[PDB]
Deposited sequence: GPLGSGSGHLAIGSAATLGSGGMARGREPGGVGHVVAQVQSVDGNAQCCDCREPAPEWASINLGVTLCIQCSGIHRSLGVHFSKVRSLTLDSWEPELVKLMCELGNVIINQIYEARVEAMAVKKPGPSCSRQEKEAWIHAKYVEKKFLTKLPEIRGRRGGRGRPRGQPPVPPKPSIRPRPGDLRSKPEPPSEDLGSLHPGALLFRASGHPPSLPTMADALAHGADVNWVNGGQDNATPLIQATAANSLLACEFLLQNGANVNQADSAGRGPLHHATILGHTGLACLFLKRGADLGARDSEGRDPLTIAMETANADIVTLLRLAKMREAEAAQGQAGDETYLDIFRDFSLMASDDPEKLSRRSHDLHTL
C-alpha cells in the first residue's frame, strides 16, 4: 500500500511540508502526510481531513486506486494554487510545529491559497462526477465549497453521487462518500444511489453502497425497493446481494 501510494507523482514528499517518505494519508483529500502534519490534520476534524496510516491500517482496493488518481501534486495544484502569486512561504521539513499548524489551517480551513474560481462549484462537481469522471475537477469543486450533496434543481434533482453511479465510476463514488455524500439521498422520483446501481446493473456500486449503510427498504415513487428492481430486471447477483444484506 505504502509503496503503491508513495509511487504516485509527488507522494514521496509530505503534501504540507515536503518531509520525505510520508507514511500517513488524508483519505478524503487524497494526500500523503508526514507524522507531524498528520498529527495536525487530526486537529481539524473529519469534515476537513480523515487521517489514516499507509502502513498500519487496512486499505480497500478502491481507496488505494482513489489515492493514485489524486495525490500531492494534483491537490497542491488546487490548495496551493496562489502560493507563488501571494509571495508566501511554504514550510519545509525542519519548520516549527506552529508554522506547520498555521500553514495547514490556512491551506485547508481558511482556503487561503485557492483561486477565485474552481462560478458554480456545485454544478461543476455534478458535471465532473458524471461520465467520464474527472477526480481532479471534483476535488477542485469541493475545495471551492461545492455541496457534496448538490441537488440538480428544476431538472431531475439528481446528486453528484447519482451521477457517479450513472457513470459506473467506483472511484468517483468512493471520493464523494469519503467527502460526506449521503448514501441515501434520492432524486425527484425517490431513487437513491442504490436504486440507480440496481437499475443499471452495477453490482460493484450496489455492494459499495450497502457496505456504507444504504437503506435496503427505501421505496421510490413507483413503490419499488431495490430488491423489486433487481427482481424486475432479472439480475441474480444484485438480488443475492440485497437478500444477504437483509440477513
{"query": "Ranges of the deposited sequence (numbered from 1) for which no C-alpha atom is modelled", "finding": "1 to 34, 153 to 196, 326 to 368"}
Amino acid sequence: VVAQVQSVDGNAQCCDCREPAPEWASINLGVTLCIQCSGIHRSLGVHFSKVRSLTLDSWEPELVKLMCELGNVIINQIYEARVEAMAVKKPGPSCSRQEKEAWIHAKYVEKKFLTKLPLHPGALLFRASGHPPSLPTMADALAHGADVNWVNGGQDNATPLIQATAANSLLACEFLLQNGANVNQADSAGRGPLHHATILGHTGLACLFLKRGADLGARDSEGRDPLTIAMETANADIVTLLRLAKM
From here on, numbers count along this sequence of modelled residues.
item: 170 to 178 or 89 to 97, whichever carries the higher mean Cα B-factor; value: 89 to 97
item: B-factor third for the C-alpha atom of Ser188 within its chain; value: highest
item: Third of chain Cα B-factors occupied by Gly39; value: lowest
item: Among modelled residues of the same chain, the CA temperature factor third for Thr203; value: middle
item: Position of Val109 among the chain's modelled residues by C-alpha B-factor, lowest, middle or highest third; value: middle
item: Ranked C-alpha temperature factor of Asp9 among modelled chain residues, by third; value: highest
